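Colleague: The structure under discussion is supplied below as structure tokens; questions concerning it will follow.
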Amino acid sequence: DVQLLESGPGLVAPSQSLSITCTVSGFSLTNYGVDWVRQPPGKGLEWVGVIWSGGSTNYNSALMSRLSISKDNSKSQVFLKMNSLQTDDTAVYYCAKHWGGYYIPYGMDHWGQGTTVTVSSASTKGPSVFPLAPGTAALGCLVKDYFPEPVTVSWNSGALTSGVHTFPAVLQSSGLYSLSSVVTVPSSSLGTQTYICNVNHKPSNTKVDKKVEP
Amino acid sequence: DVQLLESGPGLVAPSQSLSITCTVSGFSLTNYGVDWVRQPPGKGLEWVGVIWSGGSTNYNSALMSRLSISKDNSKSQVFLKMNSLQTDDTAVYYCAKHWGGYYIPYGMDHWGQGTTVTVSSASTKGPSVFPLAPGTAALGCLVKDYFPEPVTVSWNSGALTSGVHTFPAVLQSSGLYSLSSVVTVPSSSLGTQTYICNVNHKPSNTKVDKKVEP
Amino acid sequence: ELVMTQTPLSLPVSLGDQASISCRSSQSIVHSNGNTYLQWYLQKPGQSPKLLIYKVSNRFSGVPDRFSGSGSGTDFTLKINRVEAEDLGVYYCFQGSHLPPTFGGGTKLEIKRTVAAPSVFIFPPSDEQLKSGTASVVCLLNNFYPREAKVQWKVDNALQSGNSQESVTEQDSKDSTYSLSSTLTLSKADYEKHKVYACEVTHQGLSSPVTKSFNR
Amino acid sequence: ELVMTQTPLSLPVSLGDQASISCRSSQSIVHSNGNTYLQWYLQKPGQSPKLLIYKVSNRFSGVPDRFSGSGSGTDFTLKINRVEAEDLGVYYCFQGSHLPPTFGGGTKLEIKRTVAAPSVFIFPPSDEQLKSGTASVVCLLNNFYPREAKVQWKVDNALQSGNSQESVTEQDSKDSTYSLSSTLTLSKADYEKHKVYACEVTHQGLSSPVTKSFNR
Ligand SMILES: Nc1nc2ccc(NC(=O)CCCC(=O)O)cc2[nH]1
Ligand SMILES: Nc1nc2ccc(NC(=O)CCCC(=O)O)cc2[nH]1
């Protein structure tokens with residue numbers, strides 16, 4: 001089954017270099033080209049470059065002086081490397097598989113989940129997680145004072161999915177992000193079931209589980 | 001003579017508010033509408049809003065929720081206020097005078113020099129200025145470790161103009177900016193004439209005059 | 001450098017109506033091999049983009065018959081009949097006939113549905129947070145439509161300003177609703193100064209404002 | 001909302017040549033009152049935009065005869081009969097027929113002139129800077145064309161990487177050349193560990209790469 005998954009450093013300081021790997025599964029790089037596409041916060045998709053099945057590359061005009069794409073067919077990995085990072089370069093970076101056609105693809109059938117690069121001189125900080133305490137009952141977790149984006153939040157290790165709202169983060173005046181995740185549940189179950197929010201902040205390697213009680 | 005000149009805080013923290021004043025001279029605001037236009041670093045002009053002569057306003061769609069424009073006809077001042085500042089809002093802001101037509105202007109004939117707004121949680125830092133000691137001789141000043149933009153550089157209080165190159169600042173991994181100004185001068189004059197670079201950084205209220213000797 | 005112009009930028013459409021998105025190229029995107037490589041992608045909230053249409057008019061596998069692409073040369077249209085809640089997101093056209101390939105600016109599709117009043121909840125700061133020096137009081141507006149909503153903080157009936165932040169989700173893929181959080185942030189000291197914390201909410205689905213409060 | 005589509009994004013043009021910049025609107029910008037409020041602005045390096053053309057084809061005062069605007073409905077052109085050095089900048093079209101008004105994306109005019117090799121200068125760190133514990137070494141490439149240049153840093157012939165930054169001016173409005181600074185930054189400790197500091201410059205105007213160096 002076809003998968004693509006991007007891996008990168010999360011946070012890079014301005015002027016320095018960025019390396020992202022895209023690991024691919026269920027097809028061979030010797031047979032398919034792969035595009036790199038970026039999305040800056042709140043903006044549109046931008047095509048960054050392509051490495052074709054035979055290994056030749058083409059690049060975005062605006063970035064090409066600072067950009068290289070390469071790959072390792074045997075390892076099913078495609079690498080993007082960019083020098084002299086600017087604040088501008090802050091984006092979610094995606095790799096995408098070609099589909100159809102011979103020299104020119106018909107489309108990009110499969111995309112990775114993306115990886116969030118923040119270009120900043122600040123340092124990583126893991127989040128503080130505080131409970132938002134309870135026919136219908138709302139409960140939540142306040143995920144405060146972390147940097148950079150992103151944080152993922154789940155409930156009961158993913159068993160609870162319906163009625164979950166994880167709000168977009170807000171950037172505070174301290175330069176740190178905060179958000180809250182809420183879940184809506186039956187009040188009757190506030191005595192029988194435990195509710196834990198699982199919070200993951202990859203850039204700080206921080207994982208927090210918080211039990212939320214009345 | 002028509003003049004417009006924007007004034008603002010230089011650096012604003014995220015989530016907080018931006019107030020800018022455009023002070024106008026040589027025409028009456030009772031008679032002319034004024035536009036605000038902004039320019040994000042390396043990007044194009046974006047129209048922000050208008051306050052018409054009679055005082056009604058119209059806004060950019062993306063920004064209308066967080067934007068107000070008002071004025072004081074008697075003071076010759078136009079005011080832009082924006083809430084909930086996001087990193088995105090970093091830009092040079094311009095006010096521009098209407099010209100032509102009655103209800104819709106034909107163009108914007110006079111523009112201010114612009115004011116630079118950086119949205120950041122970092123604090124202001126004044127630059128360190130170091131000399132770059134020398135039939136053509138090059139000399140300069142290294143204007144290092146400041147935040148935010150801009151710095152202004154002149155030579156010999158503005159008397160020296162030909163052969164001056166003030167380079168676009170570069171953002172360092174420390175998150176501070178650095179730039180150099182160089183001037184090309186006759187080698188014969190190195191014994192006779194003094195060369196002083198006058199460096200100004202308004203957000204820190206720093207003003208340096210550095211003599212650059214051999 | 002071929003430019004793709006996508007309009008409109010945002011497209012509110014009622015459930016079950018037709019949406020029509022336009023993409024114009026700065027030059028012909030008919031390749032010299034006779035193909036025209038125009039694609040339409042949909043990026044749903046919190047998702048990677050997904051391929052809908054390739055070669056102007058061909059549906060990718062799994063793409064419902066409601067989506068149709070057409071056009072030629074420099075002028076192209078995506079049409080979605082009977083718009084559904086799941087169609088919500090940002091549509092991009094993309095051109096691969098010319099190097100470099102280019103995306104359009106995107107079209108945000110917003111679903112217009114019937115009015116839904118929010119449920120309102122208020123949450124006191126946790127004791128943990130207070131003992132680290134700050135008080136965050138959260139007001140939640142859950143599952144409403146339309147997006148526009150008024151949230152006012154009052155502390156001992158004093159109307160608060162400048163000390164709160166609002167976050168709104170993207171529209172929901174199943175019921176086309178929004179939710180909103182409003183966070184009132186205070187020093188521990190200032191928080192322990194007052195008794196009543198009230199979140200006051202105005203919305204079009206409500207016949208009057210709804211206040212949710214607690215006593216510290 | 002109306003999108004204004006400007007092409008090309010960049011326009012390298014030889015001194016003395018013709019230039020033509022296109023602006024297309026996503027819909028007619030003919031106002032219901034019959035006027036078409038299309039303007040062109042030029043923003044030079046270091047400067048605020050200035051009005052060139054208004055109402056499609058009318059030259060603003062001071063604007064040389066060389067500039068002319070034409071077109072109608074949705075399709076407009078700025079032309080320059082004999083491009084000069086001072087015409088360097090970013091041209092923007094602008095529409096005020098429809099609310100909200102909108103700028104095009106810009107067309108960057110770059111001037112193509114003859115080859116000019118750089119003059120190369122190296123500056124050691126100032127004594128003043130050393131006194132604060134940092135060592136910046138600056139290589140200056142002055143007045144060259146074209147923009148493409150390579151600057152390598154060598155310390156006792158050990159090629160450097162990762163510890164320097166370049167800045168390049170905008171193209172000059174009088175002779176259409178560029179200048180470029182490369183700054184090598186080292187700790188004072190590390191600077192005082194090595195003798196030979198070399199700036200090595202490659203450029204089309206030079207017969208071979210030129211090294212400028214000094215001994216600490
Ligand atoms: N997902 C995609 N990545 C790319 C990269 C490049 C594309 N197009 C071309 O290279 C056009 C070349 C035309 C020619 O054959 O001369 C098309 C494309 N689509
Ligand atoms: N420099 C400029 N600022 C503005 C602001 C608004 C402009 N145009 C309109 O408001 C057109 C409205 C047309 C109508 O509805 O009659 C035009 C304009 N030009």
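Identifiers in the structure tokens: chain A, B, ... in order shown; residue index from 1 per chain; ligand index from 1 in order shown.
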Once you count only C-alpha atoms and all ligand atoms, which residues end up within 9 Å of ligand 1, and could you hand them over as a ChimeraX atom specification?
Modeller: /A:33-36,47,49-52,57-59,96-99,103-108 /C:31-33,37,94-102
Colleague: Contacts from chain D to chain C, 9 Å maximum, only C-alpha atoms: show me the residue list as a ChimeraX atom specification.
Modeller: /D:1-10,24,26
Colleague: Between CA of residue 174 in chain C and CA of residue 113 in chain C, what distance in Å does the model show, to one decimal?
Modeller: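 These atoms are spaced 11.5 Å apart.
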Colleague: List every residue of range 82-200 of chain B that DSSP, applied to the backbone of this structure, assigns to strand (DSSP E), and report them as a VMD selection string.
Modeller: chain B and resid 82 91 to 99 107 to 111 115 to 119 128 to 132 136 to 146 152 to 155 164 to 166 170 to 171 177 to 186 196 to 200
Colleague: Could you make a table, as CSV, of the residues of chain B that have an atom within 9 Å of an atom of chain A, each with its nearest atom pair and distance in Å to one decimal, counting only C-alpha atoms, in chain and number order?
Modeller:
```
residue,atom,partner,partner_atom,distance
B:12,CA,A:173,CA,8.8
B:13,CA,A:173,CA,5.0
B:14,CA,A:173,CA,4.7
B:15,CA,A:172,CA,5.6
B:16,CA,A:173,CA,6.8
B:41,CA,A:88,CA,8.6
B:86,CA,A:171,CA,7.5
B:87,CA,A:171,CA,8.8
B:88,CA,A:41,CA,8.7
B:120,CA,A:175,CA,7.0
B:121,CA,A:175,CA,4.9
B:122,CA,A:175,CA,7.8
B:170,CA,A:15,CA,8.2
B:171,CA,A:14,CA,6.4
B:172,CA,A:15,CA,5.7
B:173,CA,A:14,CA,4.8
B:174,CA,A:121,CA,5.7
B:175,CA,A:121,CA,5.0
B:176,CA,A:121,CA,8.7
```
Colleague: Restricting the calculation to only C-alpha atoms, which member of C:12, C:46, C:69, C:133 is positioned closest to residue 190 in chain C?
Modeller: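 Nearest candidate to residue 190 in chain C out of C:12, C:46, C:69, C:133: C:133.
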Colleague: Against chain D, which residues of chain B fall within 6 Å? For each one I want the closest pair of atoms and the distance in Å (one decimal), counting only C-alpha atoms, rows by chain and increasing residue number, as CSV.
Modeller:
```
residue,atom,partner,partner_atom,distance
B:44,CA,D:105,CA,5.9
B:106,CA,D:54,CA,5.8
B:113,CA,D:48,CA,5.9
B:167,CA,D:169,CA,5.5
```
Colleague: Per DSSP on the backbone, filter chain D down to the residues in alpha helix (DSSP H) and report them as a PyMOL selection string.
Modeller: chain D and resi 127-130+188-191
Colleague: How about saving the chosen residues, N, CA and C atoms kept, as a PDB file, in the first residue's frame?
Modeller:
```
ATOM      1  N   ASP D 127      39.810  46.174  14.921  1.00  0.00           N
ATOM      2  CA  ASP D 127      40.348  46.035  16.263  1.00  0.00           C
ATOM      3  C   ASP D 127      39.260  46.200  17.280  1.00  0.00           C
ATOM      4  N   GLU D 128      38.370  47.147  16.996  1.00  0.00           N
ATOM      5  CA  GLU D 128      37.228  47.397  17.854  1.00  0.00           C
ATOM      6  C   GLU D 128      36.376  46.161  18.039  1.00  0.00           C
ATOM      7  N   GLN D 129      36.153  45.423  16.947  1.00  0.00           N
ATOM      8  CA  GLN D 129      35.314  44.229  16.990  1.00  0.00           C
ATOM      9  C   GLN D 129      35.999  43.126  17.756  1.00  0.00           C
ATOM     10  N   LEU D 130      37.279  42.910  17.481  1.00  0.00           N
ATOM     11  CA  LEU D 130      38.065  41.924  18.234  1.00  0.00           C
ATOM     12  C   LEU D 130      37.982  42.153  19.737  1.00  0.00           C
ATOM     13  N   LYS D 188      36.603  35.157  18.223  1.00  0.00           N
ATOM     14  CA  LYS D 188      37.932  35.775  18.328  1.00  0.00           C
ATOM     15  C   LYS D 188      39.000  34.684  18.542  1.00  0.00           C
ATOM     16  N   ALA D 189      38.745  33.772  19.480  1.00  0.00           N
ATOM     17  CA  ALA D 189      39.606  32.601  19.701  1.00  0.00           C
ATOM     18  C   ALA D 189      39.990  31.900  18.386  1.00  0.00           C
ATOM     19  N   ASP D 190      38.990  31.443  17.642  1.00  0.00           N
ATOM     20  CA  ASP D 190      39.199  30.748  16.353  1.00  0.00           C
ATOM     21  C   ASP D 190      39.870  31.578  15.267  1.00  0.00           C
ATOM     22  N   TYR D 191      39.625  32.888  15.284  1.00  0.00           N
ATOM     23  CA  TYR D 191      40.250  33.810  14.344  1.00  0.00           C
ATOM     24  C   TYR D 191      41.746  33.887  14.600  1.00  0.00           C
TER      25      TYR D 191
END
```
Colleague: So that I can check the surroundings of residue 203 in chain C, please list as an MDAnalysis selection string every protein, DNA and RNA residue that reaches within 10 Å of it, counting only C-alpha atoms and ignoring chain neighbours fewer than 4 positions away.
Modeller: chainID C and resid 115:118 141 144:151 207:210
Colleague: Just want the 7 Å neighbourhood of residue 70 in chain D, counted on only C-alpha atoms, with same-chain residues fewer than 6 positions away dropped. Output as a PyMOL selection string.
Modeller: chain D and resi 56-57+76-78
Colleague: Which of these residues is nearest to ligand 2, using only C-alpha atoms and all ligand atoms: B:60, B:115, B:3, B:198?
Modeller: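 Between B:60, B:115, B:3, B:198, the residue approaching ligand 2 most closely is B:60.
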Colleague: Identify, on the basis of only C-alpha atoms, every residue whose closest approach to range 132-145 of chain A does not exceed 6 Å; exclude the query and any residue fewer than 5 positions from it along the same chain; express the result as a VMD selection string.
Modeller: (chain A and resid 127 176 to 187 213 to 214) or (chain C and resid 123)
Colleague: Could you write out the selected residues, including N, CA and C atoms, as a PDB file, in the first residue's frame?
Modeller:
```
ATOM      1  N   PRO A 127       5.253  21.781  25.763  1.00  0.00           N
ATOM      2  CA  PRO A 127       4.036  22.392  26.290  1.00  0.00           C
ATOM      3  C   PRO A 127       3.701  22.049  27.723  1.00  0.00           C
ATOM      4  N   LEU A 176       5.221  32.240  22.284  1.00  0.00           N
ATOM      5  CA  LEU A 176       4.900  30.848  22.508  1.00  0.00           C
ATOM      6  C   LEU A 176       3.447  30.573  22.096  1.00  0.00           C
ATOM      7  N   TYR A 177       3.198  29.377  21.602  1.00  0.00           N
ATOM      8  CA  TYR A 177       1.888  28.960  21.114  1.00  0.00           C
ATOM      9  C   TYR A 177       1.051  28.417  22.237  1.00  0.00           C
ATOM     10  N   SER A 178      -0.262  28.566  22.111  1.00  0.00           N
ATOM     11  CA  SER A 178      -1.181  27.878  22.995  1.00  0.00           C
ATOM     12  C   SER A 178      -2.454  27.475  22.263  1.00  0.00           C
ATOM     13  N   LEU A 179      -3.026  26.355  22.688  1.00  0.00           N
ATOM     14  CA  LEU A 179      -4.281  25.877  22.166  1.00  0.00           C
ATOM     15  C   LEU A 179      -4.995  25.078  23.252  1.00  0.00           C
ATOM     16  N   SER A 180      -6.249  24.765  22.984  1.00  0.00           N
ATOM     17  CA  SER A 180      -6.951  23.819  23.798  1.00  0.00           C
ATOM     18  C   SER A 180      -7.655  22.800  22.919  1.00  0.00           C
ATOM     19  N   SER A 181      -7.748  21.594  23.447  1.00  0.00           N
ATOM     20  CA  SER A 181      -8.485  20.545  22.807  1.00  0.00           C
ATOM     21  C   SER A 181      -9.635  20.270  23.740  1.00  0.00           C
ATOM     22  N   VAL A 182     -10.808  20.097  23.161  1.00  0.00           N
ATOM     23  CA  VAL A 182     -11.987  19.759  23.917  1.00  0.00           C
ATOM     24  C   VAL A 182     -12.641  18.521  23.321  1.00  0.00           C
ATOM     25  N   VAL A 183     -13.338  17.811  24.193  1.00  0.00           N
ATOM     26  CA  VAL A 183     -14.137  16.674  23.798  1.00  0.00           C
ATOM     27  C   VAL A 183     -15.458  16.779  24.487  1.00  0.00           C
ATOM     28  N   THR A 184     -16.480  16.351  23.776  1.00  0.00           N
ATOM     29  CA  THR A 184     -17.833  16.400  24.281  1.00  0.00           C
ATOM     30  C   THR A 184     -18.267  14.956  24.571  1.00  0.00           C
ATOM     31  N   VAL A 185     -18.752  14.714  25.791  1.00  0.00           N
ATOM     32  CA  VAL A 185     -19.068  13.352  26.263  1.00  0.00           C
ATOM     33  C   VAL A 185     -20.382  13.295  27.043  1.00  0.00           C
ATOM     34  N   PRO A 186     -20.914  12.080  27.266  1.00  0.00           N
ATOM     35  CA  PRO A 186     -22.075  11.907  28.149  1.00  0.00           C
ATOM     36  C   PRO A 186     -21.758  12.195  29.607  1.00  0.00           C
ATOM     37  N   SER A 187     -22.578  13.026  30.243  1.00  0.00           N
ATOM     38  CA  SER A 187     -22.353  13.379  31.644  1.00  0.00           C
ATOM     39  C   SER A 187     -22.329  12.102  32.496  1.00  0.00           C
ATOM     40  N   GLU A 213     -10.416  15.370  35.234  1.00  0.00           N
ATOM     41  CA  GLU A 213     -11.445  15.005  36.221  1.00  0.00           C
ATOM     42  C   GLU A 213     -12.324  16.193  36.644  1.00  0.00           C
ATOM     43  N   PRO A 214     -13.594  15.918  37.027  1.00  0.00           N
ATOM     44  CA  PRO A 214     -14.594  16.883  37.523  1.00  0.00           C
ATOM     45  C   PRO A 214     -14.127  17.792  38.649  1.00  0.00           C
TER      46      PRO A 214
ATOM     47  N   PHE C 123     -14.889  27.161  31.520  1.00  0.00           N
ATOM     48  CA  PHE C 123     -13.970  26.356  32.303  1.00  0.00           C
ATOM     49  C   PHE C 123     -13.126  27.276  33.147  1.00  0.00           C
TER      50      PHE C 123
END
```
Colleague: Quick one: pull the distance between CA of residue 24 in chain B and CA of residue 78 in chain B, Å, one decimal.
Modeller: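 The value is 8.0 Å.
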Colleague: Would you mind listing what lies within 10 Å of residue 214 in chain D as a list in words, with only C-alpha atoms counted and same-chain residues fewer than 2 positions away left out?
Modeller: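 Skipping anything fewer than 2 positions along the chain leaves residues 122, 123, 124, 195, 196, 197, 198, 199, 212 and 216 of chain D.
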Colleague: Any chance you could export the current selection's C-alpha atoms as a CSV table (one decimal), in the first residue's frame?
Modeller:
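Writing the result to result.csv gives the following:
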```csv
chain,number,residue,atom,x,y,z
D,122,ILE,CA,39.0,42.1,1.6
D,123,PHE,CA,38.8,43.7,5.1
D,124,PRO,CA,40.2,42.0,8.2
D,195,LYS,CA,47.1,33.1,9.8
D,196,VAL,CA,45.9,33.2,6.2
D,197,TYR,CA,42.4,34.5,5.3
D,198,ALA,CA,41.4,34.3,1.7
D,199,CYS,CA,38.4,35.5,-0.3
D,212,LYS,CA,42.2,38.4,-2.2
D,216,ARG,CA,46.4,38.1,10.5
```
Colleague: CA of residue 175 in chain C and CA of residue 18 in chain C are how many Å apart?
Modeller: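 Computed distance, CA of residue 175 in chain C to CA of residue 18 in chain C, equals 18.2 Å.
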Colleague: Which polymer residues have any atom within 6 Å of an atom of range 149-153 of chain B, counting only C-alpha atoms, with same-chain residues fewer than 6 positions away left out, as an mmCIF file with N, CA and C atoms, in the first residue's frame?
Modeller:
```cif
data_model
loop_
_atom_site.group_PDB
_atom_site.id
_atom_site.type_symbol
_atom_site.label_atom_id
_atom_site.label_comp_id
_atom_site.auth_asym_id
_atom_site.auth_seq_id
_atom_site.Cartn_x
_atom_site.Cartn_y
_atom_site.Cartn_z
ATOM 1 N N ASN B 198 27.450 57.642 9.629
ATOM 2 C CA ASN B 198 26.399 57.996 10.576
ATOM 3 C C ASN B 198 25.283 56.935 10.508
ATOM 4 N N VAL B 199 25.204 56.104 11.550
ATOM 5 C CA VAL B 199 24.265 54.998 11.632
ATOM 6 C C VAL B 199 23.125 55.291 12.624
ATOM 7 N N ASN B 200 21.878 55.135 12.167
ATOM 8 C CA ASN B 200 20.688 55.417 12.988
ATOM 9 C C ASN B 200 19.759 54.196 13.045
ATOM 10 N N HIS B 201 19.344 53.832 14.252
ATOM 11 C CA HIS B 201 18.458 52.715 14.510
ATOM 12 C C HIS B 201 17.353 53.190 15.436
#
```
